[PDB]
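Chemist:
There are 2 protein chains.
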Amino acid sequence: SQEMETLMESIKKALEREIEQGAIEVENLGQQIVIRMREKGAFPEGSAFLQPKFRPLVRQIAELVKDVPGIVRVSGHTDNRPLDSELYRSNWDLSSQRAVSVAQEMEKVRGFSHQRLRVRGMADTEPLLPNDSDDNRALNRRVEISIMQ
Amino acid sequence: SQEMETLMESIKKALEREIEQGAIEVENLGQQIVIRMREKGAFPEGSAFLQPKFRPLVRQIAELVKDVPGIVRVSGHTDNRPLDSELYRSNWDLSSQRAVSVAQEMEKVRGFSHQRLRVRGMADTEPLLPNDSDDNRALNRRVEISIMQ
């Protein structure tokens with residue numbers, strides 16, 4: 154587990170500003186490191202299109218973990234509001250596509266193995282917060298990258 | 154698992170016909186029941202569009218499992234051939250969207266808990282066989298429904 158702690162703090166350091174700005178949270182979860190990335194500044198609402206300024210952050214994360222063993226699971230999330238858009242068939246679709254964008258962006262980093270990636274759409278099944286206000290529903294719409302040894 | 158072993162037989166007998174044809178395969182892996190649906194007959198090649206004749210089979214599976222506890226994880230898979238797609242951005246996308254099509258169909262069944270579902274795209278990271286023949290690749294392109302107690 155030595156590599157877990159060194160890896161976690163290494164990420165914490167490299168992402169210091171993003172963490173301080175609330176755009177990212179990094180915490181240990183059993184034998185996995187979980188990186189949560191807020192919707193604001195990463196995706197436009199209702200869209201899976203990864204936003205320009207966020208691409209490099211994603212690649213940085215990929216850079217940080219490329220030399221570590223273990224599955225990299227990318228998971229998209231929505232709030233519990235039914236979705237009305239013509240582009241996506243449901244919350245499963247949108248949460249799924251968001252994880253797809255991030256995974257596609259990570260595998261562009263040379264040395265980051267494609268084989269390590271797993272993509273998940275979680276729709277509204279794993280809330281962080283009760284869906285009882287706008288601020289909360291927004292925090293639930295994060296994308297998560299889980300590093301699993 | 155006795156609730157599972159019963160479940161499994163209920164499934165094996167429910168889908169005996171399709172199990173014969175080779176449309177479905179039912180295995181048991183640990184405390185989990187895996188249903189593998191063959192690409193041919195369920196999805197066109199290169200498409201996440203669930204074929205009309207295959208929809209009722211998916212609903213039937215949702216019916217058979219609606220009464221047991223446990224996560225229902227739907228996973229799409231591809232072979233390792235690069236996707237030549239207008240419609241899909243990558244094998245993550247296509248494999249992902251296939252799992253979305255199946256999940257959306259299952260939750261149309263009354264009493265089936267939306268909250269149980271998980272959607273994953275595995276691309277080519279979990280071959281059942283090496284991608285060295287046309288039969289093998291066709292086989293790798295299945296979709297799986299995993300029932301996890």
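Protein chains in written order, with the deposited numbering: chain A, 154 to 302; chain B, 154 to 302. Even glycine gets a Cβ: it sits at the ideal position worked out from N, Cα and C.
Using the Cβ count rule (16 or more neighbours within 10 Å means buried), how would you classify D288 of chain A?
Modeler: Exposed, by the Cβ-count rule.
Chemist: Say whether chain A places a C-beta atom closer than 8 Å to the C-beta of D232 of chain B.
Modeler: Taking Cβ atoms only, chain A never reaches closer than 8 Å to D232 of chain B, which makes this a no.
Chemist: Of all the residues that make up the segment 270 to 282 of chain B, which are near chain A by a beta-carbon distance shorter than 8 Å?
Modeler: Those residues of the segment 270 to 282 of chain B that come within reach of chain A (Cβ to Cβ, closer than 8 Å) are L270, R271, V272, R273, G274, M275, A276, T278.
Chemist: Tell me where the alpha helix (DSSP H) around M301 of chain B begins and ends.
Modeler: Counting along the chain, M301 of chain B falls outside any alpha helix (DSSP H), though it belongs to the beta strand (DSSP E) covering 296 to 301.
Chemist: Evaluate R251 of chain B with the Cβ neighbour count: other Cβ atoms within 10 Å of its Cβ, from every protein chain shown; 16 or more gives buried, anything less gives exposed.
Modeler: Classification for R251 of chain B: buried.
Chemist: For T278 of chain A, count neighbouring Cβ atoms within 10 angstroms of its own Cβ and tell me buried if that reaches 16, exposed if not.
Modeler: So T278 of chain A counts as buried.
Chemist: According to DSSP, what are the bridge partners of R271 of chain A?
Modeler: Its beta-bridge partners are A:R226.
Chemist: Strictly below 8 Å CB to CB, what residues from chain A border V253 of chain B?
Modeler: Simply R242, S243, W245, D246, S249, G274.
Chemist: Give the range of the alpha helix (DSSP H) segment to which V179 of chain A is assigned.
Modeler: Element bounds for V179 of chain A: not the alpha helix (DSSP H) but the beta strand (DSSP E), 177 to 182.
Chemist: Interface residues of chain B around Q268 of chain A at Cβ under 7 Å?
Modeler: Chain B residues near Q268 of chain A: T278.
Chemist: Which residues in chain A sit within 9 Å of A215 of chain B, going by Cβ to Cβ distance?
Modeler: Ordered by position in chain A, no residue passes the 9 Å Cβ test against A215 of chain B, which lies about 14 Å from the chain.
Chemist: Note down, one range per segment and in chain order, each alpha helix (DSSP H) of at least 4 residues found wholly within the segment 199 to 254 of chain B.
Modeler: Those alpha helix (DSSP H) runs which fall completely within the segment 199 to 254 of chain B and span 4+ residues are 208 to 218.
Chemist: Identify which residue in B:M161, B:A195, B:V221, B:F196 has its Cα closest to the Cα of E180 of chain B.
Modeler: Closest option to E180 of chain B, Cα to Cα, is B:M161.
Chemist: List, in chain order, every chain A residue whose beta-carbon is nearer than 7 Å to that of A256 of chain B.
Modeler: Neighbours of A256 of chain B on chain A, chain order: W245.
Chemist: For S299 of chain B, count the other beta carbons within 10 Å of its own beta carbon; 16 or more makes it buried, fewer makes it exposed. Which is it?
Modeler: When all chains shown are included, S299 of chain B counts as buried.
Chemist: Quick check: what's the CA-CA separation for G223 of chain B versus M190 of chain B?
Modeler: So the alpha carbons of these two residues sit roughly 20 Å apart.
Chemist: List the whole-angstrom C-beta distance separating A167 of chain A from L217 of chain A, where the pair is believed to meet the contact cut-off of C-beta under 8 Å.
Modeler: That pair is a contact at about 6 Å.
Chemist: Assess, as a yes-or-no matter, whether the segment 265 to 281 of chain B is touched by the segment 240 to 259 of chain A under the definition of 3 or more beta carbon pairs within less than 8 Å.
Modeler: The segment 240 to 259 of chain A is in contact with the segment 265 to 281 of chain B.
Chemist: Measuring alpha carbon to alpha carbon, tell me which residue in B:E158, B:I164, B:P280 is nearest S228 of chain B.
Modeler: Nearest C-alpha to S228 of chain B: B:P280.
Chemist: Roughly how far, in whole angstroms, is the beta-carbon of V211 of chain B from the beta-carbon of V255 of chain B, given that I think they are within contact range, below 8 Å?
Modeler: Contact holds; Cβ gap of about 6 Å.
Chemist: Find the nearest neighbour of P235 of chain A within the set A:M259, A:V262, A:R226, A:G199, judged by alpha-carbon distance.
Modeler: Cα-wise, what sits closest to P235 of chain A is A:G199.
Chemist: Once you ignore the five residues that flank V221 of chain B on each side, which residues in its own chain have a CB closer than 8 Å to its CB?
Modeler: Excluding positions up to five away in sequence, the list reads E156, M157, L160, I300, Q302.
Chemist: Taking 8 Å as the threshold (C-beta atoms), are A215 of chain B and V262 of chain B in contact?
Modeler: Yes, the Cβ-Cβ distance between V262 of chain B and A215 of chain B is below 8 Å.
Chemist: Is the beta carbon of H230 of chain A closer than 8 Å to that of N293 of chain A?
Modeler: Result yes, Cβ atoms of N293 of chain A and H230 of chain A sit closer than 8 Å.
Chemist: Taking only three categories from DSSP, how would you classify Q185 of chain A?
Modeler: Correct three-state label for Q185 of chain A: strand.
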